[PDB]
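**Q** First piece of the complex, coordinates kept as in the full assembly:
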Amino acid sequence: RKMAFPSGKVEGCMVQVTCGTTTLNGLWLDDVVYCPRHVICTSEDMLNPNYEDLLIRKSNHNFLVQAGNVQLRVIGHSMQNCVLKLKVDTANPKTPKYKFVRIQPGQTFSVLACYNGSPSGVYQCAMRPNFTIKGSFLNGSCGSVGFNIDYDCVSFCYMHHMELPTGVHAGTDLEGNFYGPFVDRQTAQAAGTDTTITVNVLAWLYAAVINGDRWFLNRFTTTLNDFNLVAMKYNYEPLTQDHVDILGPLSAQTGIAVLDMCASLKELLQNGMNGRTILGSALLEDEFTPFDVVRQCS
């Protein structure tokens, strides 16, 4: 099952930001509120925004920040890439230990979907190789964040900006740099062709074996290069030696060598699932990392 991190440390940081007719979510850490810079645009501005130009024309008073029922006064404002940083008169007393990280494609995070500064739901997402995420985000969700938690330190890695016409989602890191070749302009945008996260599919096949599902195994073995030739053919990402090492502990637990699991994956791509399921899925799942599997399989 996908499992999210407990969200309380992030819930205490969510606020609402309004400018003009537009209300979205912001993240309140110490005395700064971070939010998507498109909060400043009208529906006409979004068609083609010169963001600086819109920004020079706003004052601190054009921003209304609400934390619960209490208003926070904006004393300053600046822009870092596609993120607005609103300095407020009150530091957040509930600020957790935190870091801003830019995540790698294939890594997972928890998303706290929020509307009007109020948390609604929590779920796991993976950063796709084409730098989109398959999330659940409706009107009003912009500025919701993604994060991982290590002990009590929250590593924020995503802030939500956009939904593409295909229904997938795009956003930035907390420095305001988009994942992927996207821009915060209301013009038609498509992602690059997506590919399957090979190391994650392998981690998930290990989870399946751990949970008793083993129909897909064989004694066929393969070399790493021969596996990658097939992976490339089927639009799977390359598997590196680093990935092989990362699968080590799962390989030890099941007694199935990484390259033997590669050989099983190769057969599944070439001759499909035969109307069978793995872990209840009719598809090969690639949104669990090795770390996500081992955290649940012990």
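**A** Received it, and whenever you're ready, just let me know what you need. Numbers count the residues shown, from 1 in each chain, chains lettered A, B, ... in the order given.
**Q** Could you find the closest non-adjacent residue to the residue of chain A most remote from its centre?
**A** Distance from the C-alpha centroid of chain A peaks at residue A:219, with 36.0 Å (Cα atoms, centre = their mean). Excluding the flanking residues, the one nearest residue A:219 by Cβ to Cβ, 6 or more residues apart in numbering is residue A:260, at 7.3 Å. Every C-beta, even on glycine, is put in place using the N, C-alpha and C of the backbone.
**Q** so that neighbour is in which element?
**A** Remark: residue A:260 resides in helix A:258-270, with elements defined by DSSP states H and E.
**Q** so what's residue A:62 closest to, chain neighbours aside?
**A** Per Cβ to Cβ, 6+ apart, closest to residue A:62 is residue A:19, 5.5 Å.
**Q** Could you do residue A:124 as well?
**A** Per Cβ to Cβ, 6+ apart, closest to residue A:124 is residue A:2, 4.3 Å.
**Q** quick one: stretch A:194-206 to chain centroid distance?
**A** In terms of Cα atoms, centre = their mean, to the nearest Å, the centre of stretch A:194-206 is set 16 Å apart from its chain centre.
**Q** show me what contacts the residue nearest to residue A:62?
**A** A:39-40, A:58, A:62-64 (Cβ atoms under 8 Å, 6 or more residues apart in numbering).
**Q** Pull out the buried members of those.
**A** Neighbour counting with 16 or more other Cβ atoms under 10 Å marks A:39-40, A:63 as buried within the contacts of residue A:19.
**Q** Just confirm residue A:114 contacts residue A:138, I think it does.
**A** No: counting by Cβ atoms under 8 Å, residue A:114 sits too far from residue A:138 to count as a contact (10.8 Å).
**Q** which helices and strands does the helix holding residue A:260 pack with?
**A** helix A:198-210, helix A:224-233, helix A:248-254 (3 or more Cβ pairs under 8 Å, 6 or more residues apart in numbering; DSSP states H and E).
**Q** out of the ones you listed, deepest packed?
**A** helix A:198-210 (a mean of 24; mean count of other Cβ atoms under 10 Å).
**Q** So what angle separates the directions of that one and helix A:258-270?
**A** Orientation check (axes from the mean of the first three to the mean of the last three Cα atoms, to 10 degrees): helix A:198-210 against helix A:258-270 gives 100 degrees.
**Q** Name all residues that make contact with the closest residue to residue A:115 other than its chain neighbours.
**A** Distances taken as Cβ to Cβ, 6+ apart put residue A:140 closest to residue A:115, at 4.3 Å, once the chain neighbours are dropped. By Cβ under 8 Å, 6+ apart, the residues touching residue A:140 are A:23-25, A:115-116.
**Q** Any idea how far apart the tips of stretch A:138-149 sit?
**A** Start and end residues of stretch A:138-149 are separated by 25 Å (Cα to Cα, to the nearest Å).
**Q** cool, stretch A:1-13 as well?
**A** 27 Å.
**Q** can you list the residues that contact the helix or strand harbouring residue A:112?
**A** Assessed by DSSP H and E, residue A:112 sits inside strand A:108-115. The contact list for strand A:108-115 (Cβ under 8 Å, 6+ apart) reads A:4-5, A:7, A:10-11, A:14, A:25, A:103, A:119-127, A:133, A:135-138, A:140-141, A:143-149, A:157-158, A:160, A:287-289, A:292.
**Q** Could I get the CA-only coordinates of it as CSV?
**A** The C-alpha trace of strand A:108-115 is given here as CSV (Å, rounded to 0.1, in the frame of the first residue of the first chain):
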residue,chain,number,x,y,z
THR,A,108,8.7,9.9,-3.8
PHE,A,109,7.3,12.4,-1.4
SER,A,110,4.1,13.0,0.6
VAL,A,111,1.7,15.7,-0.6
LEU,A,112,-0.5,17.7,1.8
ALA,A,113,-3.3,18.9,-0.4
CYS,A,114,-4.8,22.1,1.0
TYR,A,115,-7.7,24.5,0.0
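**Q** add chain B to what we have:
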Amino acid sequence: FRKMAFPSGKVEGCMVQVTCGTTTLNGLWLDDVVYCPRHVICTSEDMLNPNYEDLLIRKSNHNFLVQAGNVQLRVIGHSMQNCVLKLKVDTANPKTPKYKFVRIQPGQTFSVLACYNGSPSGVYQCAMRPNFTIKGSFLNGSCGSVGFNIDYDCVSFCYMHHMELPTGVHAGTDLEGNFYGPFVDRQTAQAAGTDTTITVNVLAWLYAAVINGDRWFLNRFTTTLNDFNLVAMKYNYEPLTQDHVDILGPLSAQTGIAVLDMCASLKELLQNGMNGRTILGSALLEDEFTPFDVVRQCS
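**A** If we add chain B to the chains shown above, we get the following:
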């Protein structure tokens, strides 16, 4: 569509640990009471056939170590309600949310905050199966973790974790300590009943498909409810109740597809099996999204 858990913060602030002897499990601290599974009082020898009343008579307040983090909360009273121990403590939890204790029906979903030694580890959505088990991640140390729904800032607690069956599925109680299903808290051979498909949730998923414009399976037929239930059982689907029909009301109004017409559509899929065609990008029907889950994600 994604399985989405509720934000867990309101429950995180209620999790404590409870130790009796060498056994540490999780407890739920609401106001000045901590709730936890009564088997915290058992030794390894007590578990094949525990006499819980006699084991508890032996215990005193001073035998229970309740800790919020590493901070001990003094126990000032203790009692047992069904399979739950209630420990009155000297401090009322300042983080107590508005809450209620509810007993859910099979098919209903809830979020689980899996915890170990009083420390929350992860959160995920669960459906109570018709056989009164849940599937999900509950490792050793998870007993006393709770399941809940949140409505308008009120936390409805519905599940407290107790056991893992030989098959790998999980069983537990409501917060009044009454088990869901035929299970008893003793280490005896216990088996889950045969499971079935949650019909009302499959119907909700079909409404979600229709909302999204995927509606090839809609037909011109209707059925009576009795006729549907008799057929559904031959396919290992649960029979529908009047309450199931009522909870489908909002989706039927939103789509204009009468509940009994959707039932006739589902009856056809079951009999004349979907020959290759998919629904919402899935060749299999989903049964773990409730009518409430669907309204939240579609609207």
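**Q** The contacts of residue A:140 again please, this time with chain B.
**A** A:23-25, A:115-116 (Cβ atoms under 8 Å, 6 or more residues apart in numbering or on different chains).
**Q** any idea how far it is from residue A:37?
**A** 17 Å (Cβ to Cβ, to the nearest Å).
**Q** ok, now residue A:203?
**A** Relative to residue A:37, and taking Cβ to Cβ, residue A:203 is found at 36 Å.
**Q** still on that earlier bit, kindly indicate which of the contacts of residue A:140 lies nearest residue A:51.
**A** residue A:24 (15.2 Å; Cβ to Cβ).
**Q** Counting by contacts, list what the strand or helix carrying the closest one packs against.
**A** Using DSSP H and E, residue A:24 falls within strand A:22-29. Here strand A:22-29 touches strand A:14-19, strand A:32-36, strand A:63-67, going by 3 or more Cβ pairs under 8 Å, 6 or more residues apart in numbering or on different chains; DSSP states H and E.
**Q** quick one: contacts of the helix or strand following the second one?
**A** Put plainly, it is strand A:32-36. As assigned by DSSP H and E, the chain's next helix or strand after strand A:32-36 is helix A:51-56. Here helix A:51-56 makes contact (Cβ under 8 Å, 6+ apart) with A:37, A:40-41, A:45, A:77, A:79, A:84, A:184.
**Q** Spit out the contact partners of the residue lying closest to residue A:297 once chain neighbours are set aside.
**A** Nearest residue to residue A:297, sequence neighbours excluded (Cβ to Cβ, 6 or more residues apart in numbering or on different chains): residue A:210, at 4.8 Å. Contacts for residue A:210 (Cβ under 8 Å, 6+ apart) come out as A:253-254, A:297.
**Q** how does it look with 10 Å?
**A** A:250, A:253-254, A:279, A:293-294, A:296-298 (Cβ atoms under 10 Å, 6 or more residues apart in numbering or on different chains).
**Q** what does the stretch 151-298 of chain A put close to chain B?
**A** Neighbours of chain B within the stretch 151-298 of chain A, by Cβ under 10 Å from any Cβ of the partner chain: A:151-152, A:167, A:211-212, A:275, A:277, A:280-283, A:292, A:295-298.
**Q** Without its sequence neighbours, what residue ends up closest to the residue of chain A found nearest chain B?
**A** Relative to chain B, the nearest point of chain A is residue A:8 (2.9 Å; Cβ to the nearest Cβ). Excluding the flanking residues, the one nearest residue A:8 by Cβ to Cβ, 6+ apart is residue B:9, at 2.9 Å.
**Q** Could you look over the helices and strands packed on strand A:22-29 and pick the most buried one?
**A** The highest mean neighbour count among those, using mean count of other Cβ atoms under 10 Å in any protein chain shown, belongs to strand A:32-36: a mean of 24.
**Q** Listing partners with orientation, what would you give for that strand?
**A** strand A:22-29 (antiparallel), strand A:83-88 (antiparallel) (DSSP bridges).
**Q** JSON lines for those, including mean neighbour count?
**A** Listed next are those as JSON lines, based on neighbours: other Cβ atoms under 10 Å in any protein chain shown:
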{"stretch": "strand A:22-29", "mean neighbour count": "24"}
{"stretch": "strand A:83-88", "mean neighbour count": "22"}
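**Q** What subset of the contacts of helix A:51-56 is buried?
**A** Neighbour-count burial (16 or more other Cβ atoms under 10 Å in any protein chain shown) is assigned, among the contacts of helix A:51-56, to A:37, A:40-41, A:45, A:77, A:84, A:184.
**Q** distance between stretch A:13-27 and the chain's centre?
**A** 21 Å.
**Q** what about that stretch, how long is it end to end?
**A** 5 Å.
**Q** residue contacts, residue A:167?
**A** Contacts for residue A:167 (Cβ under 10 Å, 6+ apart) come out as A:132, A:134-135, A:137, B:212.
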